[PDB]
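Report on the structure
Listed here are the chains, written in short residue letters.
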Amino acid sequence: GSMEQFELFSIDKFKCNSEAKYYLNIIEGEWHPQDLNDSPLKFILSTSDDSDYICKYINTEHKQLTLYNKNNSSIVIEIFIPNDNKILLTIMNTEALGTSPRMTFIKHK
């Protein structure tokens, strides 16, 4: 549909359990250096003037975190932040659909 145009996300910093180094080093900032109309994927941790994502829990599967947005209804997103240019995005809803798009984008290209 549409989504790749100014993707600004913010965690509540609810505590979480794992994710830190590779998380901050790779997700905590923006994917692609402006390689789509200066509108990439930029996420921050805590504060952010008014945060909206609730840090659910960590997945020891492929070093990833699953979070839900309280500014909609029940939006659970599962994303993996490794390194060596790689990330995956998934969207689901606890009271609706999901498990359809999945965007696997690398840190350059």
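Residues numbered from 1 in each chain as written, not as in the entry; some residues may be left out. Heavy atoms only, no water. Residues with missing side-chain atoms left out of burial classes, pairs and counts.

The chain is annotated in the PDB entry as STAPHOSTATIN A of Staphylococcus aureus. As recorded in the PDB, the entry bears the title "Solution structure of staphostatin A form Staphylococcus aureus confirms the discovery of a novel class of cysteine proteinase inhibitors".

Our focus in this paragraph is the packing of aromatic side chains. With the rule as written, the count across this model stands at 3 aromatic pairs. Relative to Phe43, the ring of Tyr23 has its centre 5.8 Å away and its plane inclined at 90°; by these criteria the two rings are edge-to-face. A residue pair is termed long-range when its members are at least 10 positions apart, and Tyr23 in helix α1 (residues 21-26) and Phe43 in strand β3 (residues 41-45) qualify at 20 residues. There is no split in this pair, since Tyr23 and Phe43 are both buried. With a centroid separation of 5.7 Å and an interplanar angle of 70°, the aromatic rings of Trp31 and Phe105 are classed as edge-to-face. Taken together, the residues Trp31 in strand β2 (residues 29-31) and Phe105 in strand β8 (residues 103-105) connect sequence positions 74 residues apart. With relative accessibility at 3%, the residue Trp31 sits in the buried group. For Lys56, the ring lying beneath its charged end belongs to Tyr68, and the centroid distance is 4.5 Å. (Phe/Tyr/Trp six-rings, centres within 6.5 Å; stacked < 30°, edge-to-face > 60°. Helix = DSSP H or I, 4+ residues; strand = E, 2+ residues; numbered from the N terminus. Buried < 20%, exposed > 50% of the residue type's maximum accessible area, 1.4 Å probe, protein only. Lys NZ or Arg CZ within 6 Å of the ring centre and 35° of its normal.)

Moving on, we come to the nonpolar core. In terms of nonpolar packing, the biggest core is built from 21 residues, with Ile11, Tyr23, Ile27, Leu65, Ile77, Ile79 and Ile81 touching the most fellow members. Contributions of two or more residues to this core are made by α1, β3, β4 (53-59), β5 (64-69), β6 (75-80) and β7 (87-93). With 4 residues, the top contributor of residues to this core is β6. Excluding residues within four positions of it along the chain, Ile11 makes contact with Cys16, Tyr23, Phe43, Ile44, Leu45, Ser46, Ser51, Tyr53 and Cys55. (Core = buried A, V, L, I, M, F, W, Y, C linked by side-chain atoms within 4.5 Å. Contact = heavy atoms within 4.5 Å.)

In a disulfide, the sulfur atoms of two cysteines are held together by a covalent bond. Here the structure, examined in full by the defined rule, presents 1 disulfide. Disulfide pairing places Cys16 opposite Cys55 at an S-S distance of 2.0 Å. With the S-S bond torsion at 130°, the cross-link from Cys16 to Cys55 turns out right-handed. Here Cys16, found in the loop between β1 (7-11) and α1, pairs with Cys55, found in strand β4; they are 39 residues apart in sequence, far enough to count as distant. There is no split in this pair, since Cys16 and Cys55 are both buried. (Disulfide = S-S within 2.5 Å.)

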